[PDB]
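# Fold and geometry: a report
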Amino acid sequence: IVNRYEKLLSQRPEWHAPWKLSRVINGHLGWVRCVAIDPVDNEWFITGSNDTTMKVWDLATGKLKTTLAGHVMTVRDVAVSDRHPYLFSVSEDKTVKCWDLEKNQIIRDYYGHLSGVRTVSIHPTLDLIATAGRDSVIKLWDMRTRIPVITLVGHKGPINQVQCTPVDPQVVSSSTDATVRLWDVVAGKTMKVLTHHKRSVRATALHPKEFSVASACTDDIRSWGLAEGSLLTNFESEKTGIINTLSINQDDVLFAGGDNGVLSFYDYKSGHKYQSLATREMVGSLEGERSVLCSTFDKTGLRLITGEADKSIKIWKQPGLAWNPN
RNA sequence: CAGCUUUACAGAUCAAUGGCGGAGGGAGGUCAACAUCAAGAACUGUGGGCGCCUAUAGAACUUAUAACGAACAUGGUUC
């Protein structure tokens, strides 16, 4: 309609600074298909991989702190907790393990997932984590009693990212069924099922200050306030690659990594793509490989960290692009 | 052999003041329920001074070749 387009044209987005590559830390001998940082501090960030390991990394130096070898198969995801000094990690060996960070050694392997487990999210407020695998089910664990407390049946296929919010919409799943769910853990049921994607929403992330949750199928990055479970915006992601990552920055600077490796940045809520970045790879590696598989920002937000399939981790420092809608 | 404090004693006037006072058990069970027993050598309250000082106090148990055991098993997890 003309009534909306005109309005869109009238409104302007804020000039977010562009992004330039800063650090590249070829250290893993495998994909680096998870990355995470400490809520409390931003000194280190760990990165689980197809190595089977996960390595810890000092941001400032870029130096490899230490390794951790508590899986058999490849690590798919990790989550350092704000409220406790535990690092949860999870691998396609079906193990959702829990590393003490006072001793850097596993403690509570949680057992229950029938098959390769894709993501963890620690609940920001509770002493409870949430994991989901190709199982097609998101189980919540009491961390003390290392048992699945509840489980969330709804989904009809493998479930990827499964973020935890502190409100009522306490889990924000995202499947290959292309539904992204909002659940009520307490009710033992769904509350609202965002079906707006076309394909496997293989990426989703909570906004820090804004109580919303960007989510990405093969192209269209939707983003939504999950209070009602209502759409907020659609991003200009029109011919970008298969969106692997979908991290959001503190300053409303949503990042999206592709299977292409084209690092695409967007103003959040606007839905305005305001940068593209061509990937890079090593002289030995192939041009098809290069692809940002996992990524996240620091708590401040000036450094984006992208794990790419070059067996690398690339950290990114910081005139905006013209609007032009449909 | 003097002095004062307590019991055992008559019969008292019984005020005065104390102390034993709502004055009423003891010994024990291979009997329970609860609490609590590894922490700044580490305890608990009380007010007052304003999470911390200063007086009150209380305190059973376990500990310095460090422990509830002058005793010694088995698991689970990683390496």
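Residues numbered from 1 in each chain as written, not as in the entry; some residues may be left out. Chains lettered and ligands numbered in written order. Part of a larger assembly, values for the part shown. Heavy atoms only, no water. Residues with missing side-chain atoms left out of burial classes, pairs and counts.

Structure determination for the deposited model, as stated in its record, used cryo-EM, and the stated resolution is 3.80 Å.

## Re the overall build of chain A
The number of helices and strands found in chain A is 1 helix and 28 strands. For 326 residues, the compact-globule estimate of 2.2 N^0.38 gives 20 Å, and the C-alpha radius of gyration of chain A, at 19 Å, lies within 12% of that figure. In terms of overall dimensions, chain A has a C-alpha envelope of 55 × 50 × 35 Å along the principal axes. (Helix = DSSP H or I, 4+ residues; strand = E, 2+ residues; numbered from the N terminus. Rg over C-alpha atoms; globule rule 2.2 N^0.38 Å.)

## Details of the pattern of salt bridges
Applying the stated criterion across every chain, the model contains 10 salt bridges. Residue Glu43 is joined to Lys65 by a salt bridge in which the shortest nitrogen-to-oxygen separation is 2.6 Å. With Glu43 in the loop between β2 (36–37) and β3 (44–48) and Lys65 in strand β5 (residues 64–68), this pair connects stretches of sequence that are 22 residues apart. Using a relative accessible area of 30% as the deciding quantity, one classes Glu43 as partly exposed. By relative accessible area, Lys65 is classed as partly exposed at 41%. Its salt-bridge partner being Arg222, residue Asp220 comes within 2.7 Å of it at the nearest N-O pair. (Salt bridge = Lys/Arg side-chain N within 4 Å of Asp/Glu carboxyl O. Buried < 20%, exposed > 50% of the residue type's maximum accessible area, 1.4 Å probe, protein only.)

## Comments concerning the sheet that holds strand β4 (residues 54–58)
Paired through their backbone hydrogen bonds, the strands of a sheet run either parallel or antiparallel. In spatial order, the strands read β2-β3-β4-β5; together these 4 strands make up an open sheet with antiparallel pairing. Only two strands of the sheet have a single neighbouring strand rather than two, namely β2 and β5. The pairing of β3 with β4 spans 5 bridges and is antiparallel. Within the sheet, the bridge partner assigned to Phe45 lies in β4 and is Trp57. (Pairing = 2+ DSSP bridges.)

## With respect to the packing of aromatic side chains
For the structure on display, the rule yields 10 aromatic pairs. Geometrically, the ring pair formed by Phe235 and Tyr268 is edge-to-face, given 5.9 Å between the ring centres and 65° between the ring planes. Here the residue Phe235 occupies a position in the loop between β21 (230–234) and β22 (243–245), and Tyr268 occupies one in the loop between β24 (263–267) and β25 (272–277), the gap between them amounting to 33 residues. In this structure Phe235 comes out as buried when scored by relative accessible area, which is 3%. (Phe/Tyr/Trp six-rings, centres within 6.5 Å; stacked < 30°, edge-to-face > 60°.)

## So, the pairing of strand β10 (residues 117–122)
Within β10, 6 of the 6 residues are buried, which leaves it mostly tucked inside the rest of the structure. In this structure, β10 lies alongside strand β11 (residues 128–133), joined through 5 bridges in antiparallel fashion. Bridge pairing in β11 places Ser121 opposite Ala130. Between the antiparallel neighbours β10 and β11 lie 5 residues.

## Some words on the side chain of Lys314
Considering the arrangement of structural elements, one finds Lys314 in strand β28 (residues 312–317). Ignoring sequence-local partners within four residues, the contact set of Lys314 consists of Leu21, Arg23, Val24, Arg280, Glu281, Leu304, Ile305, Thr306 and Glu308. (Contact = heavy atoms within 4.5 Å.)

## Some remarks on the environment of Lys314
Overall, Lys314 belongs to the buried group, its relative accessible area being 3%. Distance in space between the C-alpha atoms of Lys314 and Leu21 is 7.1 Å, their sequence separation being 293 residues. Among the polar contacts listed, one links the side chain of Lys314 to the backbone oxygen of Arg280, at a separation of 2.7 Å. (Polar contact = N/O pair within 3.5 Å; in protein donor to acceptor, adjacent residues only side chain to side chain.)

## Structural notes on the sheet that holds strand β8 (residues 96–100)
Within the open sheet, the 4 strands sit side by side as β6-β7-β8-β9. Their pairing is antiparallel. Each edge of the open sheet is held by one strand with a lone partner, namely β6 (75–80) and β9 (105–106). Sheet analysis places strand β7 (residues 86–91) next to β8, joined by 5 bridges and oriented antiparallel. For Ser89, the partnering residue across the bridge sits in β8 and is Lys97.

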